[PDB]
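Here's run03.txt, which has compact mmCIF, C-alpha atoms (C1' of nucleotides):
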# COMPACT_ATOMS: atom_id res chain seq x y z
CA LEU I 2 1.22 -27.36 -23.95
CA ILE I 3 -0.12 -23.80 -24.14
CA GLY I 4 1.20 -20.79 -26.07
CA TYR I 5 1.63 -17.04 -25.64
CA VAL I 6 3.11 -14.03 -27.44
CA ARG I 7 4.14 -10.54 -26.29
CA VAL I 8 3.97 -7.15 -28.00
CA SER I 9 6.23 -4.17 -27.29
CA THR I 10 4.79 -1.31 -29.34
CA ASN I 11 5.97 -1.78 -32.93
CA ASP I 12 5.26 -4.65 -35.32
CA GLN I 13 9.02 -4.93 -35.82
CA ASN I 14 9.78 -6.95 -32.68
CA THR I 15 6.43 -8.75 -32.64
CA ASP I 16 7.22 -11.44 -35.21
CA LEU I 17 10.24 -12.11 -33.01
CA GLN I 18 8.00 -13.46 -30.25
CA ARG I 19 5.18 -14.38 -32.64
CA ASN I 20 6.31 -17.21 -34.91
CA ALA I 21 9.01 -17.70 -32.28
CA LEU I 22 6.82 -20.55 -31.05
CA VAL I 23 5.51 -21.36 -34.53
CA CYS I 24 7.31 -24.68 -34.05
CA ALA I 25 7.03 -24.78 -30.26
CA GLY I 26 4.40 -27.44 -30.88
CA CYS I 27 1.99 -25.59 -28.62
CA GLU I 28 -1.81 -25.71 -28.92
CA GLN I 29 -3.15 -22.23 -28.18
CA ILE I 30 -2.35 -18.69 -29.34
CA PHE I 31 -2.59 -15.65 -27.05
CA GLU I 32 -1.87 -12.32 -28.75
CA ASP I 33 -2.35 -9.03 -26.88
CA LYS I 34 -1.37 -5.35 -26.66
CA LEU I 35 0.11 -2.83 -24.22
CA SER I 36 -1.09 0.42 -25.86
CA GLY I 37 -3.11 1.19 -22.75
CA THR I 38 -1.96 1.31 -19.13
CA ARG I 39 0.04 -1.86 -18.43
CA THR I 40 -1.14 -1.60 -14.82
CA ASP I 41 -4.01 -3.98 -15.56
CA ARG I 42 -3.09 -6.73 -18.04
CA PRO I 43 -4.08 -4.55 -21.07
CA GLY I 44 -4.15 -7.70 -23.16
CA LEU I 45 -5.11 -11.37 -22.97
CA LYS I 46 -5.95 -11.31 -19.26
CA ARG I 47 -7.98 -14.53 -19.32
CA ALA I 48 -5.13 -16.76 -20.49
CA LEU I 49 -4.67 -17.75 -16.84
CA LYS I 50 -8.34 -18.73 -16.64
CA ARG I 51 -8.88 -21.32 -19.37
CA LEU I 52 -5.39 -22.67 -18.70
CA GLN I 53 -4.52 -26.32 -18.06
CA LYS I 54 -4.19 -26.09 -14.28
CA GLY I 55 -2.55 -29.50 -14.57
CA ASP I 56 -0.09 -29.28 -17.47
CA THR I 57 2.76 -26.81 -18.04
CA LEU I 58 2.42 -23.27 -19.41
CA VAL I 59 3.91 -21.48 -22.42
CA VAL I 60 5.43 -18.02 -22.92
CA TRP I 61 8.99 -17.17 -23.91
CA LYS I 62 10.32 -13.60 -23.55
CA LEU I 63 10.48 -12.59 -19.89
CA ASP I 64 12.34 -9.71 -21.51
CA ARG I 65 9.68 -7.73 -23.33
CA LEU I 66 6.81 -8.68 -21.03
CA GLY I 67 4.38 -7.39 -18.42
CA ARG I 68 6.90 -8.69 -15.88
CA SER I 69 7.71 -5.48 -14.02
CA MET I 70 8.92 -4.05 -10.71
CA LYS I 71 9.07 -5.79 -7.33
CA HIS I 72 5.81 -7.60 -8.13
CA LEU I 73 7.16 -9.34 -11.23
CA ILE I 74 8.42 -11.90 -8.71
CA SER I 75 5.67 -11.57 -6.11
CA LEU I 76 2.75 -13.21 -7.92
CA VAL I 77 4.70 -14.99 -10.67
CA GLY I 78 5.44 -17.56 -7.99
CA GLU I 79 2.02 -18.99 -8.81
CA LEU I 80 3.54 -21.46 -11.26
CA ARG I 81 4.71 -23.69 -8.43
CA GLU I 82 1.21 -23.06 -7.09
CA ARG I 83 -0.60 -25.06 -9.77
CA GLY I 84 1.04 -27.39 -12.28
CA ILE I 85 3.56 -25.47 -14.38
CA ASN I 86 7.03 -23.93 -14.46
CA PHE I 87 8.61 -22.52 -17.64
CA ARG I 88 11.19 -23.38 -20.33
CA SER I 89 11.30 -20.85 -23.17
CA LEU I 90 14.05 -20.75 -25.79
CA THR I 91 15.01 -17.08 -26.25
CA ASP I 92 16.18 -17.55 -22.68
CA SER I 93 16.66 -21.27 -22.09
CA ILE I 94 16.10 -20.34 -18.45
CA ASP I 95 16.58 -23.55 -16.50
CA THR I 96 13.05 -24.62 -15.58
CA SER I 97 10.62 -27.33 -16.72
CA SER I 98 10.84 -30.22 -14.26
CA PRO I 99 12.73 -30.20 -10.92
CA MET I 100 15.85 -29.80 -13.07
CA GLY I 101 15.03 -26.10 -13.24
CA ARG I 102 12.12 -25.76 -10.82
CA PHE I 103 14.01 -26.34 -7.57
CA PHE I 104 17.03 -24.73 -9.22
CA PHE I 105 15.28 -21.49 -10.09
CA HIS I 106 12.83 -21.81 -7.21
CA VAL I 107 15.43 -20.23 -4.95
CA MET I 108 16.11 -17.80 -7.79
CA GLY I 109 12.71 -16.19 -7.37
CA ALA I 110 12.20 -17.00 -3.70
CA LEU I 111 15.78 -16.05 -2.88
CA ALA I 112 15.47 -13.31 -5.48
CA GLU I 113 14.91 -11.28 -2.33
CA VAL I 114 18.59 -10.33 -2.14
CA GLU I 115 18.66 -9.30 -5.81
CA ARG I 116 17.13 -6.11 -4.41
CA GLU I 117 16.60 -6.99 -0.75
CA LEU I 118 19.64 -4.84 -0.02
CA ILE I 119 18.36 -1.99 -2.18
CA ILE I 120 16.47 -1.53 1.08
CA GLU I 121 19.76 -0.01 2.20
CA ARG I 122 20.90 1.59 -1.06
CA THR I 123 17.56 3.39 -1.20
CA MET I 124 17.88 4.35 2.46
CA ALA I 125 21.25 5.84 1.54
CA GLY I 126 19.96 8.72 -0.56
CA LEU I 127 17.38 9.20 2.19
CA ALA I 128 19.07 8.55 5.53
CA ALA I 129 21.59 11.05 4.19
CA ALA I 130 19.24 13.61 2.64
CA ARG I 131 17.77 13.60 6.14
CA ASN I 132 20.55 14.82 8.44
CA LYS I 133 19.38 18.43 8.77
CA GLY I 134 18.22 19.17 5.23
CA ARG I 135 14.56 18.23 4.79
CA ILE I 136 13.22 15.19 6.64
CA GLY I 137 10.76 14.00 4.01
CA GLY I 138 7.30 13.58 5.49
CA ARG I 139 3.75 14.92 5.42
CA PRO I 140 4.07 18.72 5.79
CA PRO I 141 2.34 20.17 8.89
CA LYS I 142 -0.80 22.09 7.92
CA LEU I 143 -1.22 23.24 11.52
CA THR I 144 1.20 25.87 12.84
CA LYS I 145 2.75 25.93 16.31
CA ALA I 146 1.31 29.42 16.82
CA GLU I 147 -2.16 27.96 16.25
CA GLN I 148 -1.63 24.83 18.36
CA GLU I 149 -1.09 26.24 21.85
CA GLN I 150 -3.82 28.75 21.00
CA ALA I 151 -6.43 26.35 22.37
CA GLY I 152 -4.29 26.12 25.49
CA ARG I 153 -6.82 28.32 27.28
CA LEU I 154 -9.96 28.16 25.14
CA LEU I 155 -11.90 25.33 26.76
CA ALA I 156 -10.48 26.42 30.12
CA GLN I 157 -12.49 29.61 30.52
CA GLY I 158 -15.77 28.97 28.71
CA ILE I 159 -15.30 27.24 25.36
CA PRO I 160 -17.03 23.82 24.92
CA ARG I 161 -15.79 20.99 22.68
CA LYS I 162 -18.10 20.52 19.69
CA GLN I 163 -17.44 24.19 18.98
CA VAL I 164 -13.75 24.87 19.65
CA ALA I 165 -13.07 23.34 16.24
CA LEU I 166 -14.85 24.97 13.30
CA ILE I 167 -12.71 27.73 11.80
CA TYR I 168 -9.73 25.40 12.19
CA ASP I 169 -11.36 22.32 10.66
CA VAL I 170 -8.84 19.86 12.07
CA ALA I 171 -9.99 16.23 11.88
CA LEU I 172 -12.42 13.67 13.29
CA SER I 173 -9.88 12.05 15.61
CA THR I 174 -7.02 14.54 15.94
CA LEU I 175 -8.26 17.49 18.01
CA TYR I 176 -7.93 15.83 21.42
CA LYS I 177 -4.28 15.31 22.33
CA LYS I 178 -4.52 16.27 26.01
CA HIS I 179 -6.09 15.24 29.33
CA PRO I 180 -9.44 13.37 29.52
CA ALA I 181 -12.69 14.82 28.20
CA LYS I 182 -15.91 12.83 28.61
CA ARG I 183 -16.27 9.38 30.20
CA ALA I 184 -15.72 5.98 28.53
CA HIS I 185 -12.63 4.74 26.70
CA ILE I 186 -11.36 2.83 23.64
CA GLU I 187 -10.31 4.25 20.28
CA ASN I 188 -11.17 3.79 16.60
CA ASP I 189 -10.70 6.05 13.58
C1' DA D 1 9.83 4.32 -8.20
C1' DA D 2 9.88 1.15 -3.62
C1' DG D 3 10.68 4.75 0.69
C1' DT D 4 10.53 6.89 5.05
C1' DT D 5 9.44 10.08 9.07
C1' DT D 6 6.52 13.53 10.68
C1' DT D 7 2.08 15.35 11.28
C1' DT D 8 -2.14 14.23 9.62
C1' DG D 9 -7.50 12.53 9.28
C1' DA D 10 -12.99 9.77 8.19
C1' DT D 11 -14.58 5.13 9.98
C1' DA D 12 -14.99 1.55 13.45
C1' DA D 13 -13.84 0.22 19.14
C1' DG D 14 -16.35 1.68 23.99
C1' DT D 15 -19.35 4.02 29.40
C1' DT D 16 -23.04 5.08 32.95
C1' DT D 17 -26.20 10.31 36.64
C1' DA M 1 -27.75 0.34 31.74
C1' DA M 2 -28.98 1.68 25.56
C1' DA M 3 -25.05 4.82 22.32
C1' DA M 4 -23.96 10.24 23.79
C1' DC M 5 -18.37 10.59 23.52
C1' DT M 6 -12.23 10.47 23.22
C1' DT M 7 -10.03 7.18 21.94
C1' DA M 8 -5.63 4.89 20.30
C1' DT M 9 -5.42 1.72 14.86
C1' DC M 10 -5.47 2.50 9.34
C1' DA M 11 -5.30 4.65 4.66
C1' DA M 12 -4.03 8.48 1.83
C1' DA M 13 -1.02 12.11 2.12
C1' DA M 14 2.58 15.95 0.41
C1' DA M 15 7.40 16.33 1.56
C1' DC M 16 11.01 13.54 -1.18
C1' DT M 17 14.82 9.80 -3.43
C1' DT M 18 16.84 5.58 -3.78

Structure re-expressed in structure tokens:
Amino acid sequence: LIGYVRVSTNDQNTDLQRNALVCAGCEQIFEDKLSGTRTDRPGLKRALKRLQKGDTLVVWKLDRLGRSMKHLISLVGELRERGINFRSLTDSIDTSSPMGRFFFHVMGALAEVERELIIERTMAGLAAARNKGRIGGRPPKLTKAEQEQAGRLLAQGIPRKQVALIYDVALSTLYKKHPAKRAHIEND
DNA sequence: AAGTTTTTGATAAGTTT
DNA sequence: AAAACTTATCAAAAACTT
């Protein structure tokens, strides 16, 4: 019984989603913009607040919409959470009551596969690029010639809280050998 | 742009002469 | 034995790739 509208960037395809619900017999308007960084609902972010947690929702173009990347499915599954579903017209996407709900409930929950295998496709251009031509991981800032260097420092007269200063390693790295000073258990 | 695989690093898990 | 101290968990990372 609600109502929402999406903007792309031009006022050309705005009236397409605007008065698109002009007869949708809604009750509330929710215009917004994307001009900024669409990484934080750059428009009408409180529509989910003052919403009828009991009755259905309203929005129509899942096309031009914030709906993006892997997350577009992650949190959108909050409809089934409260008391709504969907049922626009531009895309008569089967929804509304259980007719669509439990018919497009395994379309967003099973939507895994839609890209769940891209977990392999993506690993293709990587598991291959690997082989012997560039692994693809944090580049070592410490050189092998400078690693074994301390192989005889603190073995002739060098302490601990001093061996590392010109190197400036870390606050957990350094020690990667035999014991040092009593007591155990990590944390970093 | 959703990933790895290495090789990394400031905060939180831990005693007894 | 209280917190010194060397740990083995937790992000961000610079390298890269679908």

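The residues of chain M lying at most 8 Å from chain I, with only C-alpha atoms (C1' of nucleotides) taken into account, are residues 5, 6, 7, 8, 9, 10, 13, 14, 15, 16, 17 and 18 of chain M.
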
* May I ask for the distance between CA of residue 4 (chain I) and CA of residue 29 (chain I), given in Å to one decimal place? => 5.0 Å

* At most 7 Å to chain I: residues in chain D, all atoms listed in the file, as an MDAnalysis selection string -> chainID D and resid 5:7 9:15

* Asked: By how many Å are CA of residue 6 (chain I) and CA of residue 32 (chain I) apart?
  -> 5.4 Å

* Asked: When you draw a straight line from CA of residue 40 (chain I) to CA of residue 66 (chain I), how long is it in Å?
  ->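 It comes out at 12.3 Å.
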
* Asked: Near region 57-64 of chain I, counting all atoms listed in the file, which residues have an atom at most 7 Å away, once you skip same-chain residues fewer than 5 positions from it, shown as number ranges by chain?
  -> I: 2-6, 84-87, 89-91

As JSON: centre and edge lengths in Å, one decimal, of the axis-aligned box holding region 1-14 of chain D with 5 Å per side:
{"center_x": -2.8, "center_y": 7.8, "center_z": 7.9, "size_x": 37.0, "size_y": 25.1, "size_z": 42.2}
